[PDB]
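Novice: Handing you this structure, nothing more for now.
Since every read-out is calculated from the coordinates, none of them should be taken as a lab result. So basically every Cβ, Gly included, is an ideal-geometry build from the backbone, and we count neighbours across all protein chains shown.
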Amino acid sequence: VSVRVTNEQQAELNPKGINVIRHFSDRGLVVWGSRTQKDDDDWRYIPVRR
Amino acid sequence: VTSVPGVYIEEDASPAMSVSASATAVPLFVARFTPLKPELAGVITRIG
Amino acid sequence: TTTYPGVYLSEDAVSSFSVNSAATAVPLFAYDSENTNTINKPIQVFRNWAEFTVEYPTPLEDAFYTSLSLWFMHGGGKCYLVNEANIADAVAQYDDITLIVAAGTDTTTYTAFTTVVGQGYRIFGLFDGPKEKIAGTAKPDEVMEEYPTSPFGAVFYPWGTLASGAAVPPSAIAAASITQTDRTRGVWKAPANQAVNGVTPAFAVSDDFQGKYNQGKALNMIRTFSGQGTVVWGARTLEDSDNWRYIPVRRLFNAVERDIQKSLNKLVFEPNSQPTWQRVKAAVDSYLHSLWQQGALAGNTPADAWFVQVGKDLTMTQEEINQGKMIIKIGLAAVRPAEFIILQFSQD
Amino acid sequence: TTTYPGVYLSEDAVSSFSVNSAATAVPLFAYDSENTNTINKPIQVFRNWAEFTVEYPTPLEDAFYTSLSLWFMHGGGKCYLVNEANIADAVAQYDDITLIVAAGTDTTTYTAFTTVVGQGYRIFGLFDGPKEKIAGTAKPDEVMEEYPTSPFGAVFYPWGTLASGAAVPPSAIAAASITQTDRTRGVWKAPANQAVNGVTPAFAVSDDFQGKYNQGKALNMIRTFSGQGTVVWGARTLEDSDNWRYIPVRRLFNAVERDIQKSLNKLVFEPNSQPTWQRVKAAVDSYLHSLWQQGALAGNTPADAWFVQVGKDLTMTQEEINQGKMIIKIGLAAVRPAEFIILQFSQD
């Protein structure tokens with residue numbers, strides 16, 4: 001990745017829902033989080049929308 | 001309390017207690033003695 | 001998709017899963033920052049006795065040199081060595097630490113120990129005792145406020161002396177007793193009566209000086225008997241509550257979840273439905289049933305020994321399913337050491 | 001609209017809603033404006049121990065350096081640090097502040113504390129005690145008029161001394177006891193018997209000097225016992241009225257509304273009709289029922305534990321509906337600590 005993100009600012013970016021590309025040691029890069037933009041309980045998740 | 005999805009670990013804490021008995025013995029004596037060291041002058045001392 | 005005519009084929013979507021056992025013993029040791037006869041590198045990784053000798057060619061007298069030489073001599077394995085300012089970093093990275101021992105450091109070690117407990121890393125340290133010769137005239141408590149009260153750790157007083165060379169801090173002696181225990185017979189049995197070799201205690205304690213230090217806190221003396229010698233004695237943690245005593249019942253719960261949490265990382269973001277709930281419930285109890293026959297947790301009719309439940313209205317009702325949460329609860333009753341054996345005679 | 005022929009489709013208009021739990025602990029600390037060994041920036045934001053060390057490389061002796069080092073060492077999280085002239089701005093912006101502690105500041109802190117209470121921000125501070133050694137000969141009251149009487153706050157006298165370094169103001173010691181409480185078991189239980197580690201009190205108080213300072217106001221001493229050590233003792237707020245004592249029953253009402261007020265911001269300007277009234281009434285009690293099984297608020301037949309009502313003529317009659325108002329009222333009975341335990345023997 002270009003900039004290395006850590007868990008303590010994952011807590012801030014996982015609300016106001018935007019997703020994140022993470023890096024792990026054992027399995028390498030992985031996508032993470034599956035939340036859409038607007039955050040009522042109607043559709044907060046990618047698959048329930050799709 | 002939970003923001004990053006991950007997996008979280010958690011336990012149930014409780015002060016759940018039981019009662020066990022001690023012994024009704026081992027008094028103290030307040031007679032006069034002759035101690036050997038000056039720190040044994042006026043403090044309670046355990047004798048086995 | 002089904003665009004063109006011909007022969008298509010699909011395969012299965014998801015397969016089974018289960019948990020992998022353990023490692024149960026990877027310690028990191030207590031280097032000293034002001035020490036000279038050593039490398040300025042903070043973090044070293046040692047795997048066996050071979051590279052430890054080529055790095056340290058001369059026999060030294062320092063507390064860390066006498067500690068690793070006592071770890072490897074009773075078996076041992078992959079052990080680390082970090083300075084006393086970087087425990088809070090080394091635990092959060094290497095993902096396999098179990099023991100934090102103190103090789104003759106007390107002041108700045110107790111702060112870094114309770115730091116990584118504060119984030120909940122599920123670790124179990126073990127500490128040193130006072131230096132020499134409690135006189136036993138009085139004062140049972142004032143030697144015990146300098147130790148952080150927590151269900152993680154013990155003190156191991158009598159300071160074995162290692163009649164070959166210089167003194168050995170007793171965290172190394174206690175850590176050697178765990179190594180030949182989990183390799184021999186499980187982790188639920190206490191590092192309690194397995195003997196160590198080549199180490200003699202410097203003092204002869206008593207039969208009754210154990211007695212007044214058995215309540216409140218957990219001095220856990222090292223006492224030599226006739227026949228079996230220089231053995232450890234007493235497995236007790238710092239509190240006296242009826243949930244958390246008995247060091248092996250702590251390490252049983254400490255190692256029964258670090259393999260479930262390691263395995264369920266590949267099951268997140270899975271659909272929270274009915275075929276998931278009947279698959280985790282059928283995968284956890286197949287690990288506990290392998291652990292009940294081995295004598296780790298006691299009880300007949302093995303529905304009585306543990307319980308696992310996961311559902312839709314017994315737990316995690318409809319509104320917190322819409323927030324994505326998937327909560328479970330399992331509970332099990334472990335074994336406890338038979339520390340006191342009383343026996344009654346009669347006539348009938 | 002239905003202009004042209006063809007296949008149209010619509011979807012649902014409104015969906016369900018529910019409240020999200022809490023944060024329960026975000027403190028801002030008391031910087032000193034005249035201090036030199038520090039940054040001239042008024043507002044700093046610290047998230048964990050990592051950036052605090054790279055900002056402050058040397059160990060200092062000031063009251064704020066000894067306070068944050070005691071916060072992070074017992075766990076802790078996202079904590080702020082503002083100067084003592086800008087509390088009234090920092091609370092109104094950052095939308096998550098819970099605690100206002102005093103790191104050795106009294107004079108200008110008490111004015112800025114009662115300022116943000118005056119707008120009704122629903123916050124809970126906690127203060128320091130007197131400096132050293134109430135002689136106990138006389139004068140139970142004259143040490144207690146310099147503290148602003150309000151149902152928000154406590155004083156925590158005995159000034160723990162932190163035998164590693166210099167002294168620690170007791171607001172940091174009290175704030176560390178809340179951190180390992182809400183993470184362990186809820187917020188309705190008092191920061192009362194959970195032990196802290198690495199801090200010894202400078203004084204030995206008494207058994208009975210607690211007694212004459214337990215009425216009127218709430219000295220709430222820090223006393224060391226045998227076995228468990230250096231524990232906090234007594235959870236009492238500044239007034240003695242039978243509605244507002246017992247610090248955990250204040251924080252229960254303080255945190256049961258900051259999640260409802262946060263959620264209902266997306267429900268304003270909604271039509272004040274019949275399908276609204278039966279939806280808020282069915283969404284609030286589904287949060288209280290999750291809170292009744294957890295042991296937060298006590299009572300059988302959970303219609304007795306709380307009540308929720310919303311309607312057309314039981315509340316908010318026709319004329320104040322025409323002004324737009326939508327008023328509700330809910331009421332619930334929380335739990336209280338068992339501060340006094342008396343037990344009676346007899347013969348029957």
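Novice: Taking D:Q93 and the conditions (1) without any contact (Cβ under 8 Å) to a residue 24 or more places away in the chain; (2) in a helix (DSSP H, G or I); (3) within 17 Å of D:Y31 (Cα to Cα), which numbered condition does it fall short on, given that it satisfies the others?
Specialist: Of (1) without any contact (Cβ under 8 Å) to a residue 24 or more places away in the chain; (2) in a helix (DSSP H, G or I); (3) within 17 Å of D:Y31 (Cα to Cα), only one is false for D:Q93: (3).
Novice: Looking at the structure I just gave you, is C:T184 surrounded by fewer than 17 Cβ atoms within 10 Å (Cβ to Cβ) and outside any loop (DSSP other than H, G, I, E, B)? Quick ask: steps written out before the conclusion?
Specialist: Working: surrounded by fewer than 17 Cβ atoms within 10 Å (Cβ to Cβ): yes; outside any loop (DSSP other than H, G, I, E, B): yes.
So C:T184 passes the test.
Novice: Of the residues in the range C:52-75, how many are out of contact with any strand residue (DSSP E or B) (no Cβ under 9 Å at 6 or more places or on another chain), in a helix (DSSP H, G or I) and farther than 28 Å from C:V116 by Cα?
Specialist: The total comes to 2.
Novice: Scan the range D:213-231 and tell me whether some residue there is closer than 19 Å to D:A154 by Cβ and touching a helix residue (DSSP H, G or I) at 6+ places or on another chain (Cβ under 6 Å).
Specialist: No, the range D:213-231 contains no residue that is closer than 19 Å to D:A154 by Cβ and touching a helix residue (DSSP H, G or I) at 6+ places or on another chain (Cβ under 6 Å).
Novice: Another one. Looking at this structure, is C:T230 exposed (fewer than 15 other Cβ atoms within 10 Å of the Cβ), closer than 30 Å to C:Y65 by Cβ and among the β-branched types (V, I, T)?
Specialist: Details: exposed (fewer than 15 other Cβ atoms within 10 Å of the Cβ): no; closer than 30 Å to C:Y65 by Cβ: yes; among the β-branched types (V, I, T): yes.
Spelling it out, it is not the case that C:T230 is exposed (fewer than 15 other Cβ atoms within 10 Å of the Cβ), closer than 30 Å to C:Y65 by Cβ and among the β-branched types (V, I, T).
Novice: Okay, moving on. Being among the hydrophobic types (A, V, I, L, M, F, W, C) and over 24 Å from D:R336 (Cβ atoms) narrows it down to one of D:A190, D:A174, D:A202, D:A154, so name that one. Even if it seems obvious, please write down each step before you answer.
Specialist: On the way: D:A190 fails: over 24 Å from D:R336 (Cβ atoms); D:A174 fails: over 24 Å from D:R336 (Cβ atoms); D:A154 fails: over 24 Å from D:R336 (Cβ atoms).
Criteria check complete, one pass: D:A202.
Novice: Kindly check whether there is at least one residue in the range D:308-327 that is among the hydrophobic types (A, V, I, L, M, F, W, C), within 23 Å of D:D182 (Cβ to Cβ) and touching a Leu at 6+ places or on another chain (Cβ under 9 Å). Break it down stepwise before answering.
Specialist: So in the range D:308-327, the residues among the hydrophobic types (A, V, I, L, M, F, W, C) come out as D:308, D:310, D:314, D:316, D:321, D:326-327.
Still in the list and also within 23 Å of D:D182 (Cβ to Cβ): none.
Checked the range D:308-327: no residue is among the hydrophobic types (A, V, I, L, M, F, W, C), within 23 Å of D:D182 (Cβ to Cβ) and touching a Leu at 6+ places or on another chain (Cβ under 9 Å).
Novice: Answer yes or no as to whether D:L288 is within 29 Å of C:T315 (Cα to Cα) and buried (at least 16 other Cβ atoms within 10 Å of the Cβ). Break it down stepwise before answering.
Specialist: Numbers: within 29 Å of C:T315 (Cα to Cα): yes; buried (at least 16 other Cβ atoms within 10 Å of the Cβ): yes.
So D:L288 passes the test.
Novice: For D:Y121, state whether it is part of a helix (DSSP H, G or I) and either of a type outside the set (V, I, T) or crowded, with 20+ Cβ neighbours inside 10 Å (or both).
Specialist: Details: part of a helix (DSSP H, G or I): no; either of a type outside the set (V, I, T) or crowded, with 20+ Cβ neighbours inside 10 Å (or both): yes.
No, not satisfied.
Novice: Given the residues D:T115, D:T179, which is the only one that is part of a helix (DSSP H, G or I), in contact with a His (Cβ under 8 Å, 6 or more places away or on another chain) and closer than 30 Å to D:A85 by Cα? Don't jump to the end; show me each part of the working.
Specialist: Details: D:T115 fails: in contact with a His (Cβ under 8 Å, 6 or more places away or on another chain).
Among D:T115, D:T179, only D:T179 is part of a helix (DSSP H, G or I), in contact with a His (Cβ under 8 Å, 6 or more places away or on another chain) and closer than 30 Å to D:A85 by Cα.
Novice: Scan the range C:270-285 for residues that are of a type outside the set (S, T, Y) and surrounded by 15 or more Cβ atoms within 10 Å (Cβ to Cβ) and report the count. Quick ask: steps written out before the conclusion?
Specialist: Keep residues of the range C:270-285 that are of a type outside the set (S, T, Y), which gives C:270-272, C:274-275, C:277-285.
So of that shortlist, the ones also surrounded by 15 or more Cβ atoms within 10 Å (Cβ to Cβ) come out as C:277, C:279-281, C:283-285.
Going through the range C:270-285 one residue at a time, the tally reaches 7.
Novice: Still on this structure: Can you tell which of D:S150, D:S69 is polar (S, T, N, Q) and without any contact (Cβ under 8 Å) to a residue 60 or more places away in the chain?
Specialist: Numbers: D:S150 fails: without any contact (Cβ under 8 Å) to a residue 60 or more places away in the chain.
None of the other options fit; the residue is D:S69.
Novice: Could you check, for the range C:162-178, whether at least one of its residues is in contact with a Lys or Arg (Cβ under 9 Å, 6 or more places away or on another chain) and surrounded by 15 or more Cβ atoms within 10 Å (Cβ to Cβ)?
Specialist: Here is the first cut: in the range C:162-178, the residues in contact with a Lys or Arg (Cβ under 9 Å, 6 or more places away or on another chain) are C:178.
Those still in the list that are surrounded by 15 or more Cβ atoms within 10 Å (Cβ to Cβ) too: C:178.
Within the range C:162-178 (the criterion being in contact with a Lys or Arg (Cβ under 9 Å, 6 or more places away or on another chain) and surrounded by 15 or more Cβ atoms within 10 Å (Cβ to Cβ)), the answer is yes, since at least one residue qualifies.
Novice: While we're looking at this one, here's another question. Starting from residues that are crowded, with 19+ Cβ neighbours inside 10 Å and either among the β-branched types (V, I, T) or part of a helix (DSSP H, G or I) (or both), keep the ones in the range C:76-90 and report whichever is farthest from the other protein chains (Cβ to nearest Cβ).
Specialist: C:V82
Novice: Answer yes or no as to whether C:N272 is of a type in the set (S, T, N, Q) and closer than 24 Å to C:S69 by Cβ.
Specialist: Values: of a type in the set (S, T, N, Q): yes; closer than 24 Å to C:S69 by Cβ: no.
Taking the combined requirement at face value, the residue does not satisfy it.
Novice: Sticking with this structure for a sec: Assigned to a loop (DSSP other than H, G, I, E, B), polar (S, T, N, Q), away from chain C (no Cβ under 14 Å) and loosely packed, with under 11 Cβ neighbours inside 10 Å, is that true of D:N40?
Specialist: Details: assigned to a loop (DSSP other than H, G, I, E, B): yes; polar (S, T, N, Q): yes; away from chain C (no Cβ under 14 Å): yes; loosely packed, with under 11 Cβ neighbours inside 10 Å: yes.
Yes.
Novice: To continue, here is another question. Look at D:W49 and say whether it is among the hydrophobic types (A, V, I, L, M, F, W, C), closer than 25 Å to C:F113 by Cβ, within 12 Å of another protein chain (Cβ to nearest Cβ) and under 19 Å from the mean Cα position of the chain (by Cα).
Specialist: Numbers: among the hydrophobic types (A, V, I, L, M, F, W, C): yes; closer than 25 Å to C:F113 by Cβ: yes; within 12 Å of another protein chain (Cβ to nearest Cβ): yes; under 19 Å from the mean Cα position of the chain (by Cα): no.
Criteria not met by D:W49.
Novice: Within the range C:29-51, which residues are touching a strand residue (DSSP E or B) at 6+ places or on another chain (Cβ under 7 Å), within 18 Å of C:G77 (Cβ to Cβ) and among the aliphatic types (A, V, I, L, M)?
Specialist: From the range C:29-51, those touching a strand residue (DSSP E or B) at 6+ places or on another chain (Cβ under 7 Å) are C:29-31, C:42-46; that's our starting set.
Then keep just the ones that are within 18 Å of C:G77 (Cβ to Cβ); that gives C:29, C:43-46.
Answer for the range C:29-51, where residues must be touching a strand residue (DSSP E or B) at 6+ places or on another chain (Cβ under 7 Å), within 18 Å of C:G77 (Cβ to Cβ) and among the aliphatic types (A, V, I, L, M): C:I43, C:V45.
Novice: I need the full set of residues from the range A:2-48 which are more than 14 Å from chain D (Cβ to nearest Cβ) and aromatic (F, W, Y), in order please.
Specialist: A:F24, A:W32
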